[PDB]
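Right, one structure below, let's go through it.
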Amino acid sequence: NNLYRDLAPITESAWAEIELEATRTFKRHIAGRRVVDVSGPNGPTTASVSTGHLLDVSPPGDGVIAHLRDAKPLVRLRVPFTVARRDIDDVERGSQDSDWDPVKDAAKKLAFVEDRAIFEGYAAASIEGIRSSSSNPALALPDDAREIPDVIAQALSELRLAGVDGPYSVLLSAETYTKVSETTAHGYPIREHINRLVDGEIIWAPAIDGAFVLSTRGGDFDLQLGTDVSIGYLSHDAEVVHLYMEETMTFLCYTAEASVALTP
Amino acid sequence: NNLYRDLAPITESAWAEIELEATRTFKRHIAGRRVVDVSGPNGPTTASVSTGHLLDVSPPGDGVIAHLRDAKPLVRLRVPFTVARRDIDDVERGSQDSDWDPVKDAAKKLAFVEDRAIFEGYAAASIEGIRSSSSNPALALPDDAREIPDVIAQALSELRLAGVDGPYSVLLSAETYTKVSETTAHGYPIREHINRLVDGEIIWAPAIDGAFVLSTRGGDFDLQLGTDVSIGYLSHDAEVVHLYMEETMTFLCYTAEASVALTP
Amino acid sequence: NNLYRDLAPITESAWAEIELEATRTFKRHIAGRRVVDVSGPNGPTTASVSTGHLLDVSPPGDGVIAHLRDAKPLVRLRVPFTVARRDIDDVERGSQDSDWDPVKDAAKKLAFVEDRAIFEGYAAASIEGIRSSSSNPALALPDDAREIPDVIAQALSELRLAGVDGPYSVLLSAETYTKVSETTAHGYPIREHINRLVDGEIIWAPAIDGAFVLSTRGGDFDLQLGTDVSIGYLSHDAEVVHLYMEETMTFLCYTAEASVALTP
């Protein structure tokens, strides 16, 4: 009800088209949710996640010991966008090529923001990313792609020597993903070697910079959602309708030695 | 299990006696829980209470609007105390007059701390009390007790003129309670007049300073408990056992004009 | 009962977390138990393993022949470690990132000790390892990884010429494992060649020095356990709890020509 979608001059079919486009774009442009554990929507009443720690505070009086409970607040991210009214009206007339580019742009922006917060951190929201939280030393991606299989093999060894078990996955930036896809060593593609090195999967991650090697055993990275991605309405005009894409979330990292970062 | 009561050299009967004494003392010395609404124990995993508000924060990037969710953290209060081992051992021998004075002192201290936090506030825990949160102007208790019925009648009128309804209750400090109990006007006790003025009850509140006139309709004052009063064990010796009384709580005031403070 | 875990100030959830971490780390860091035959726990009353041989001794008197029965005693290995009490207490408050690094370190130390005893021997315990017990001549690992497939093929031939049958497995040190994983010959990875040479499996063995080629038909290597890995409690303080990881075991090698050692 807080979305006020009933006040928007948008028909049911137009809403369905917009939602389909947004879902497709967000699914295509998101990679963090494919590795970390998602704590599903807890409702609009959720404002923070309890960590279970205690913080020393001044006692209310003599002879009393006081401790505050520690919690991490959620953050709400809102990406506004605008949709032309003629495109909405053409849907009911059988139009199959309505312009939903703003929806795609908003979905891409929200997905990139979420991925960067998960992996690179968001200081204002008190989110420490996987890269900063990792304790394993960071490796460097080689200049030539033919050496990528070696470095990924060095990281895995680290994860094995730290006691971290379970399937291992590699998240590669767009440039690194393309380089690995097209590179061959004496005619032998290097993807067929990385696929054998890694028993998990290679993930298309267009939002990160370098590469990440993580252990997907479970219980190391938790994305807490208070509210999942939702589309709402602000106002409209004789020509345009103003909507927004919204999400309330936070990220927590528990295991520091379950990730290795390969810098560019 | 976190109380570690199984490691203490205390028998079941001694535990029962200690708990009975603590419960009696805390019930006798507490007055805040008789007026405000208690949100019962939510378990050890509760660290904060969501308020439903939003705080502006710096956006993660251009074209995005960010808001943090606001929450009030809980605070844990711990009052340690010590019990002699001979008194514990005498319980199994049929002793009916074991020394539980430390338990009573700890219970009184915890109850007074909780009452003062509810009514006078606790800045370090971000708790704003009923007195500071109230918007109605504060009245002054008269020098002579015979005029107390008039001032209480002035406060009620205020509560009526602000639109606040429901039963009205008066919390009186120990000195004011005794003065009202013993005072008479031309032989007519003033308690029989205050009882007719007030359709709720007169509450013995030995922790507050002056007096409070509140509306007990409901939904104005909320004491959130993460964990109720519990007794735990720290360590022991050949002569003494070290225990503590613990409670995790916070207080929230919603209706500012549902209370009037009568200063001493 | 001899572990005295009931005296420890540790809750059930903390015990579960500690045991889970220890099991994960030990499973990740152990390789001997994946090849040899494990004679399961026989109970605390087991003190030695009978070999079935006889030792000449001085007769008690004229006209009598005396022989002592030969047995190999078990050895108990204990690795103490310490855990902070605040981390234990945070588990009941919903903490998901408690510090169990000491448990991981103890598990790694115990696993490495057991692996080195199985493969390199432990003279004080009268344990002769696989390397010293082997009768086949030891080969040398080549300087360049591209020649590793050849040497492993030389060892297998030896095992075939000695009459040893059954699946063959290769245990590689961490360095050799990584080298084999990353090395390629004219773009063709050498793992795809070693996997075809060997009909068993390639085992990650971070405790051994060079490499081992063994026959896993069965009945050649026996790890006798009197008591499996178990966690016990020694004492505690106001800040820390002292625990230990314990195991009673011995190792026996029967077939001398069922193993080949490739030195670094």
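Give the stretch B:105-139 a look and list any residue that's touching a helix residue (DSSP H, G or I) at 6+ places or on another chain (Cβ under 9 Å), more than 14 Å from chain A (Cβ to nearest Cβ) and not in a loop (DSSP other than H, G, I, E, B), or say none.
The answer is B:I130, B:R131, B:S132, B:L139.
Out of everything in the stretch A:21-44 that is among the hydrophobic types (A, V, I, L, M, F, W, C) and buried (at least 16 other Cβ atoms within 10 Å of the Cβ), what residue ends up being nearest to A:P102 (Cα to Cα)?
A:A22
Restricting the search to the stretch C:18-41, which residues are in contact with a helix residue (DSSP H, G or I) (Cβ under 6 Å, 6 or more places away or on another chain) and either under 24 Å from B:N2 (Cβ atoms) or of a type in the set (S, T, N, Q) (or both)?
Answer for the stretch C:18-41, where residues must be in contact with a helix residue (DSSP H, G or I) (Cβ under 6 Å, 6 or more places away or on another chain) and either under 24 Å from B:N2 (Cβ atoms) or of a type in the set (S, T, N, Q) (or both): C:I18, C:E21, C:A22, C:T25.
Restricted to the stretch A:90-104, and to residues that are assigned to a helix (DSSP H, G or I) and surrounded by fewer than 21 Cβ atoms within 10 Å (Cβ to Cβ), which residue is nearest to the other protein chains (Cβ to nearest Cβ)?
Once the filter is applied, the top-ranked residue is A:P102.
Test of understanding: among A:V240, A:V229, which residue is among the β-branched types (V, I, T) and crowded, with 18+ Cβ neighbours inside 10 Å?
Checking each option against the conditions leaves just A:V229.
Report whether or not B:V113 is buried (at least 20 other Cβ atoms within 10 Å of the Cβ) and β-branched (V, I, T).
yes
Counting only residues that are outside any helix (DSSP H, G or I) and small (G, A, S), which one in the stretch B:166-180 is surrounded by the fewest Cβ atoms within 10 Å (Cβ to Cβ)?
The selected residue is B:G166.
Of all residues being over 21 Å from C:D228 (Cα atoms) and basic (K, R) in the stretch C:76-96, which is nearest to the chain's Cα centre (by Cα)? Just the residue, please.
So, considering only residues that are over 21 Å from C:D228 (Cα atoms) and basic (K, R), the one nearest to the chain's Cα centre (by Cα) is C:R85.
In the stretch B:140-165, what count of residues is obtained for those that are touching a residue at least 12 places away in the same chain (Cβ under 8 Å), assigned to a helix (DSSP H, G or I) and either over 14 Å from B:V260 (Cα atoms) or in contact with a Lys or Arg (Cβ under 9 Å, 6 or more places away or on another chain) (or both)?
4
Go through the residues of the stretch C:45-66 one by one and say whether even a single one is more than 30 Å from B:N2 (Cα to Cα) and surrounded by 15 or more Cβ atoms within 10 Å (Cβ to Cβ).
There is at least one residue in the stretch C:45-66 that is more than 30 Å from B:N2 (Cα to Cα) and surrounded by 15 or more Cβ atoms within 10 Å (Cβ to Cβ).
Only residues that are in a loop (DSSP other than H, G, I, E, B) and more than 14 Å from chain A (Cβ to nearest Cβ): list them for the stretch B:7-65, please.
Scanning the stretch B:7-65 gives B:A8, B:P9, B:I10, B:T11, B:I30, B:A31, B:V35, B:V36, B:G40.
Would you confirm, using the coordinates I've provided, whether B:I148 is surrounded by 15 or more Cβ atoms within 10 Å (Cβ to Cβ), more than 15 Å from the chain's Cα centre (by Cα) and under 17 Å from B:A205 (Cα atoms)?
Yes; evaluated as a whole, the condition is true for this residue.
Would you please name the residue that is surrounded by the most Cβ atoms within 10 Å (Cβ to Cβ), looking only at residues in the stretch C:181-195 that are in contact with a helix residue (DSSP H, G or I) (Cβ under 6 Å, 6 or more places away or on another chain) and either touching a residue at least 40 places away in the same chain (Cβ under 8 Å) or more than 7 Å from every other protein chain (Cβ to nearest Cβ) (or both)?
Out of the qualifying residues, it is C:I190.
Quick check on this structure: which one of B:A155, B:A107 is closer than 30 Å to B:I88 by Cβ and buried (at least 17 other Cβ atoms within 10 Å of the Cβ)?
Exactly one of B:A155, B:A107 is closer than 30 Å to B:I88 by Cβ and buried (at least 17 other Cβ atoms within 10 Å of the Cβ), namely B:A107.
The rows are residues; the columns are (1) farther than 27 Å from C:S157 by Cβ; (2) free of Cβ contacts under 8 Å to residues at least 40 places away in the same chain.
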{"residue": "C:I202", "(1), (2)": "no, yes"}
{"residue": "C:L214", "(1), (2)": "no, no"}
{"residue": "C:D228", "(1), (2)": "yes, no"}
{"residue": "C:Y233", "(1), (2)": "yes, no"}
{"residue": "C:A238", "(1), (2)": "yes, no"}
{"residue": "C:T250", "(1), (2)": "yes, no"}
{"residue": "C:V260", "(1), (2)": "no, no"}
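Residue check: is A:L252 among the hydrophobic types (A, V, I, L, M, F, W, C), more than 23 Å from the chain's Cα centre (by Cα) and within 29 Å of C:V103 (Cβ to Cβ)?
The answer is no for A:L252.
Kindly establish whether A:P80 is facing another protein chain (nearest Cβ under 8 Å) and more than 16 Å from B:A66 (Cα to Cα).
When the stated conditions are applied, A:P80 does not pass them.
Considering C:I127, C:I118, which residue is touching a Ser or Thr at 6+ places or on another chain (Cβ under 9 Å) and within 25 Å of C:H29 (Cβ to Cβ)?
Answer to the check: C:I127.
Please count how many residues of the stretch A:140-150 are within 14 Å of another protein chain (Cβ to nearest Cβ) and not charged (D, E, K, R).
4
Can you find a residue in the stretch C:209-220 that is buried (at least 21 other Cβ atoms within 10 Å of the Cβ), closer than 30 Å to A:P189 by Cα and of a type in the set (G, A, S)?
Checking the stretch C:209-220: at least one residue is buried (at least 21 other Cβ atoms within 10 Å of the Cβ), closer than 30 Å to A:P189 by Cα and of a type in the set (G, A, S).
Those residues that are farther than 20 Å from B:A174 by Cβ and under 12 Å from the mean Cα position of the chain (by Cα), I need them from the stretch B:97-121; list them, please.
B:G121
Find the residue count for the stretch A:66-77, including only residues that are within 7 Å of chain B (Cβ to nearest Cβ) and touching a residue at least 40 places away in the same chain (Cβ under 8 Å).
5
Output the strands (runs of 3 or more DSSP E) that fall wholly within the stretch A:197-264 and possess 1 or more residues being farther than 24 Å from A:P73 by Cα and within 14 Å of another protein chain (Cβ to nearest Cβ), or say none.
Hits in the stretch A:197-264: A:211-215, A:221-236, A:240-253, A:259-263.
Against the condition in contact with a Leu (Cβ under 7 Å, 6 or more places away or on another chain), surrounded by fewer than 19 Cβ atoms within 10 Å (Cβ to Cβ) and not small (G, A, S), how does B:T248 come out, does it pass?
Considered against the rule, which asks whether it is in contact with a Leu (Cβ under 7 Å, 6 or more places away or on another chain), surrounded by fewer than 19 Cβ atoms within 10 Å (Cβ to Cβ) and not small (G, A, S), B:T248 comes out as no.
Reconstructed Cβ throughout: ideal geometry from the backbone, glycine too, with neighbour counts over all protein chains shown. Bear in mind these aren't lab numbers, they're just calculated from the coordinates by the rules spelled out.
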